[PDB]
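Structure first, then comments.
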Amino acid sequence: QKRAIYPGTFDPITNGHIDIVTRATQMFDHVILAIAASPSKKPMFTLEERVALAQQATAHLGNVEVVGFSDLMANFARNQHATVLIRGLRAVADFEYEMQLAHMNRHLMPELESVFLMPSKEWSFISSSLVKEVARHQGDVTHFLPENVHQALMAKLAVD
Amino acid sequence: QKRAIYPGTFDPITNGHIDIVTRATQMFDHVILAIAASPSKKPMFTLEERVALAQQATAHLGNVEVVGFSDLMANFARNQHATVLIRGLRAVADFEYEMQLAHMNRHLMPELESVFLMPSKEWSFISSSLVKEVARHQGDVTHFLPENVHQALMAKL
Amino acid sequence: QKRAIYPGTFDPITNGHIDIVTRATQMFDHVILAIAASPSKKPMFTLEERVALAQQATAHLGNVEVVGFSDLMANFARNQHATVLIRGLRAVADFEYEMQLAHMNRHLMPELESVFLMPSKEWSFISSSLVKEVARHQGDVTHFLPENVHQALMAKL
Amino acid sequence: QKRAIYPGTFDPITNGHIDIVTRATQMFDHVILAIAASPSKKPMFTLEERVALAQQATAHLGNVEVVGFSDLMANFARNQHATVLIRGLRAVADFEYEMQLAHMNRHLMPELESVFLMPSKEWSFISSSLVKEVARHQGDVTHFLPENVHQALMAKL
Amino acid sequence: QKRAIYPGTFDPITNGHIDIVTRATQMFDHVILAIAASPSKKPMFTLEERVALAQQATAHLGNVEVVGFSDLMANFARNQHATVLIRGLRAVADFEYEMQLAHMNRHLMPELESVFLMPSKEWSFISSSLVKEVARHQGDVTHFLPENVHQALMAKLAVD
Amino acid sequence: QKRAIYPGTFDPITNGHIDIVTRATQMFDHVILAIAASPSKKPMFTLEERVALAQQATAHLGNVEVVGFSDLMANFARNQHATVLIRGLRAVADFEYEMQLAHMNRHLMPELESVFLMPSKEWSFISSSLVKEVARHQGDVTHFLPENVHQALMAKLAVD
């Protein structure tokens, strides 16, 4: 029935993202966790690494499929026949930017309905950018990450 | 069958509410538009009036069921077998209060998942309260309301 | 002659309001400081009192005219031939609500252009409501009010 | 001895308030939990009730003293020899209103320094008002309240 | 009488900016649409292109003059004898940043009064940065742009 | 008794920061004004210059010690035995980012209590980044800076 897309850079996937995609799969029949290449952001992890990490971290969720994309999100969503666009909404969100994006995406593909889900209190306050900054500066971020991502981040920073 | 509940005071239902419930029906098989008695708000219209107005305004949305309730919303949602809780969301929203409400609702019924939908730009600034303030001064609010609601507002005033 | 209207409840007028209306007069030829009766707010001062207080407080601003009104603000503005609607704006403002009000005002009278002005840092945190709360406890609010307004507040309390 | 005051309506005191006052005692030698009569809010509990509830709920915090007051908070703070004013702060807070209040408090007593503390994530969404709304519908709020407060809420309702 | 300045990077001018400058000309006798060079932002369009596009898009507004400037906005406004500073205020605005700028500009030139105007609902939600990002990623942004800017953006992206 | 840390990039220290650290010393027995190296931001002033400027500007405050640090703030605070973390909160603040940082720091070092102080109305509206941008573009920012910082900024921009 409903095909939902949950797009982002997922660099790397965090426990907050796991929370959101878990809620989405309880609500919609099929969820595509869609990872944007985003070369302009100079991601810490390559697209291949991000896809592999997200695949492992969502392996227990049967109706999640992880796939990378390099086009405009709406162009990808259209070709994949998604009709629901999953967004996270939490306490520290840039709320107006999220409203900008939802209006732009409705302009681009009105048949794709933005829906906002809210994570647990535990994951309401921390961005993945702060997680990476803290880890790179020798702070403990294990609490925020799936174990496979924890291992990959330790290795990435060790060789960096 | 995925069952969603769209609760509120709906005093009265506006074109913004119609937009949200319509978006909800495109996503979910059955949508319960659930009107809370809300006596602490001292509503302009009685619950029976609000239910009747919302019934007429949604009569052509076949997957919308309008009901009234006076108990805890989370218990009403469980008793209606709803698992999705529809909330409106827009750029002018006090989204932090919506977060507080969603966390309280989740404490009371964790199986009821809040989902925020965004109305059309046309209804991105309207509210029940602003409509009522303009109508109290005989200002023309027909643009913002279902026709049946406009008539009822004219009679109450 | 460009005619601006600066409407509100002014219950009572404060030094922040004086700052805004003064900035408005530097920009526009004639400024109508328009006091809404606002019965739903149950104001501390009657409309006649609020008009009298604002008249005295603006007596030395030659291009300010203080009036009272009880009808729809947009109709009053049209009837005064105003084409500019002055609103205050500051860092502490609920600017999204100001956007909702401006869009409703534009729906009612599109020819009346909302324009937001920013008060001095000195008045960047004051409000009528906070002044009244402190005064109800005999706190010294003389800094925030025209002298005539301070006296009237002392008598009402 | 650094003396802090933590004032509010505490109608009733919640687990969020307990969290804040506990954090305050880790920082300051003596903390006065000061309950304002607040008649304009028409509180659910009388002042004597609110003081009694907060006394029991803080009985094991040796450096907390619960008092009631009906005068201007800044004068009460001066009369208690407080130099630190504890305010709660969280992601859902209307922080601009907290800024307005802090600037008014500073105008009235510049020696009383506002200090904002952040509660635990567990209490990052609760409020007295939301607890009361759920309790009015017999919803289970025991998670959010000291046991003595839960009992008193059940009796008032 | 009143000389108003409406400054920004205008990279490129959008329908929202057209909306705001149109409202400004209905309110004030003369409006300078002032385009900051802004080399630090690495603008998509050169200053010459931005001025030409803004000139064409405002040609129907008799009391608008487009001019580029490379100095501090307040220094330019002072030398041009502007007394009104036009700012747009919309739903997705970084409101506190706009308050920062208004206070700084009042410090620099107190005789220049900041005034905020609000665009139509249609233009309340989309930044020019998102317009450029979407266009560069193969999305349709024609709705947001004057026709001359649409043509220039297509050509800029085609050769880029 | 209480050791408080007031950390930031202080690039350069401004009157608003002076305000906050003055309030902090009235409240806590010892305050460390701690300057993060922050090479990723490419600071205008070197760490040595920032420390020297902050030292001179706080020389009248007996219980302030200025020290530079290049590690994670929480790791430094822990090794220095700070138990209070001073943050400024003002009208134009990115409030949600400050909440993010406070939650992250509580995760890293729960024994370090974030406290927010509010500056005077005079310093409520202007960021140090805007001060530098305005000065670099030939605007007057003397009002916002201690005299020693004013002199250093004039010299930095003159030779830059």
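Of these, C:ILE35, C:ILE20, which one is of a type in the set (A, V, I, L, M, F, W, C) and farther than 22 Å from C:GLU133 by Cα?
Step by step, each of C:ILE35, C:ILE20 is checked, and only C:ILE20 is of a type in the set (A, V, I, L, M, F, W, C) and farther than 22 Å from C:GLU133 by Cα.
Every residue, every condition in (1) within 19 Å of A:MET27 (Cβ to Cβ); (2) among the aromatic types (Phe, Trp, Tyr); (3) in contact (Cβ under 8 Å) with a residue 12 or more places away in the chain, yes or no:
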residue: B:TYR6; (1), (2), (3): yes, yes, yes
residue: B:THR14; (1), (2), (3): no, no, yes
residue: B:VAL21; (1), (2), (3): yes, no, yes
residue: B:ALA36; (1), (2), (3): no, no, yes
residue: B:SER40; (1), (2), (3): no, no, no
residue: B:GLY68; (1), (2), (3): no, no, yes
residue: B:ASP71; (1), (2), (3): no, no, no
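Any idea which residue in the stretch A:98-131 is surrounded by the most Cβ atoms within 10 Å (Cβ to Cβ), counting only those that are more than 7 Å from every other protein chain (Cβ to nearest Cβ), more than 16 Å from the chain's Cα centre (by Cα) and not in a loop (DSSP other than H, G, I, E, B)?
My answer is A:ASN105.
Look through the stretch B:33-61, keep the residues that are in contact with a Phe, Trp or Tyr (Cβ under 8 Å, 6 or more places away or on another chain) and surrounded by 24 or more Cβ atoms within 10 Å (Cβ to Cβ), and return whichever of them is farthest from B:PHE76 (Cα to Cα).
Ranking the candidates gives B:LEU53 first.
Would you please name the residue that is nearest to the other protein chains (Cβ to nearest Cβ), looking only at residues in the stretch D:81-128 that are surrounded by fewer than 23 Cβ atoms within 10 Å (Cβ to Cβ) and of a type in the set (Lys, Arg)?
Within the stretch D:81-128, the match that is nearest to the other protein chains (Cβ to nearest Cβ) is D:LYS121.
Would you mention how many residues in the stretch F:28-45 are outside any loop (DSSP other than H, G, I, E, B), touching a residue at least 40 places away in the same chain (Cβ under 8 Å) and either within 14 Å of chain D (Cβ to nearest Cβ) or over 23 Å from D:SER114 (Cα atoms) (or both)? Give the steps one after another, and end with the answer.
Our first condition is that a residue be outside any loop (DSSP other than H, G, I, E, B); within the stretch F:28-45, this holds for F:30-36, F:39-41.
From what is left, the residues that are touching a residue at least 40 places away in the same chain (Cβ under 8 Å) are F:31-32, F:34.
Going one step further and asking which of them are either within 14 Å of chain D (Cβ to nearest Cβ) or over 23 Å from D:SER114 (Cα atoms) (or both), we end up with F:31.
Adding up the residues that qualify gives 1.
I need a count of the residues in the stretch B:9-36 that are in a loop (DSSP other than H, G, I, E, B) and under 12 Å from the mean Cα position of the chain (by Cα). Please lay out each step first, then the result.
Taking the stretch B:9-36 as the starting set, the residues that turn out to be in a loop (DSSP other than H, G, I, E, B) are B:9-14, B:28-29.
This time we only want the ones that are under 12 Å from the mean Cα position of the chain (by Cα), so: B:9-14.
The qualifying residues number 6.
Taking the stretch B:129-150, which residues are more than 7 Å from every other protein chain (Cβ to nearest Cβ) and among the small types (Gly, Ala, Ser)?
Those that are more than 7 Å from every other protein chain (Cβ to nearest Cβ) and among the small types (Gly, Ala, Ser): B:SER129, B:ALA135.
Looking only at the stretch C:50-80, filter to residues that are in a helix (DSSP H, G or I) and among the polar types (S, T, N, Q); which one of those is nearest to the other protein chains (Cβ to nearest Cβ)? If you could, list the steps in order and put the result at the bottom.
In the first step, residues of the stretch C:50-80 are kept if they are in a helix (DSSP H, G or I); the result is C:50-57, C:73-79.
Next, only the ones that are among the polar types (S, T, N, Q) stay: C:55-56, C:75, C:79.
Details: C:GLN55: 24, C:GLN56: 24, C:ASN75: 8, C:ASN79: 13 Å.
Result: C:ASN75.
Can you pull out the residues in the stretch A:52-79 that are touching a strand residue (DSSP E or B) at 6+ places or on another chain (Cβ under 6 Å), buried (at least 16 other Cβ atoms within 10 Å of the Cβ) and assigned to a loop (DSSP other than H, G, I, E, B)?
Of everything in the stretch A:52-79, just one residue is touching a strand residue (DSSP E or B) at 6+ places or on another chain (Cβ under 6 Å), buried (at least 16 other Cβ atoms within 10 Å of the Cβ) and assigned to a loop (DSSP other than H, G, I, E, B), namely A:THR58.
Let me confirm something: among F:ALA82, F:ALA24, which residue is in a loop (DSSP other than H, G, I, E, B), buried (at least 17 other Cβ atoms within 10 Å of the Cβ) and away from chain A (no Cβ under 14 Å)?
Numbers: F:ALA24 fails: in a loop (DSSP other than H, G, I, E, B).
So the residue among F:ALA82, F:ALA24 that is in a loop (DSSP other than H, G, I, E, B), buried (at least 17 other Cβ atoms within 10 Å of the Cβ) and away from chain A (no Cβ under 14 Å) is F:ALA82.
Output the number of the condition that A:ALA93 fails; it satisfies all remaining conditions of (1) part of a helix (DSSP H, G or I); (2) within 14 Å of chain D (Cβ to nearest Cβ).
Against the list (1) part of a helix (DSSP H, G or I); (2) within 14 Å of chain D (Cβ to nearest Cβ), A:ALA93 comes up short only on (1).
Quick check, is C:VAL21 under 25 Å from C:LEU112 (Cα atoms), touching a strand residue (DSSP E or B) at 6+ places or on another chain (Cβ under 8 Å) and buried (at least 24 other Cβ atoms within 10 Å of the Cβ)? Steps first, please.
Details: under 25 Å from C:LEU112 (Cα atoms): yes; touching a strand residue (DSSP E or B) at 6+ places or on another chain (Cβ under 8 Å): yes; buried (at least 24 other Cβ atoms within 10 Å of the Cβ): yes.
Considered against the rule, which asks whether it is under 25 Å from C:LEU112 (Cα atoms), touching a strand residue (DSSP E or B) at 6+ places or on another chain (Cβ under 8 Å) and buried (at least 24 other Cβ atoms within 10 Å of the Cβ), C:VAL21 comes out as yes.
In the stretch E:1-59, which residues are under 26 Å from E:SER124 (Cβ atoms), among the small types (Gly, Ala, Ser) and in contact with a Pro (Cβ under 9 Å, 6 or more places away or on another chain)?
E:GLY16, E:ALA34, E:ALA36, E:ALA54, E:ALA57 - these are the residues of the stretch E:1-59 that are under 26 Å from E:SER124 (Cβ atoms), among the small types (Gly, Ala, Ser) and in contact with a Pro (Cβ under 9 Å, 6 or more places away or on another chain).
To keep it simple, each residue is scored yes or no on (1) among the acidic types (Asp, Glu); (2) under 27 Å from F:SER38 (Cβ atoms); (3) touching a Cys at 6+ places or on another chain (Cβ under 8 Å).
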position: A:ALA74; (1), (2), (3): no, no, no
position: A:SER114; (1), (2), (3): no, no, no
position: A:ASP140; (1), (2), (3): yes, yes, no
position: A:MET154; (1), (2), (3): no, yes, no
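If you go through the stretch A:27-51 one residue at a time, how many are among the small types (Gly, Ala, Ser) and surrounded by fewer than 21 Cβ atoms within 10 Å (Cβ to Cβ)?
Matching residues across the stretch A:27-51 total 3.
Is there a residue in the stretch E:136-151 that is buried (at least 20 other Cβ atoms within 10 Å of the Cβ), closer than 16 Å to E:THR9 by Cα and more than 14 Å from chain B (Cβ to nearest Cβ)?
Checked against the condition, which is being buried (at least 20 other Cβ atoms within 10 Å of the Cβ), closer than 16 Å to E:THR9 by Cα and more than 14 Å from chain B (Cβ to nearest Cβ), the stretch E:136-151 yields at least one hit.
Coordinate-derived values only; no laboratory data. Don't worry about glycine lacking a Cβ; one is built from the backbone with ideal geometry, like all the others, and counts go over all protein chains shown.
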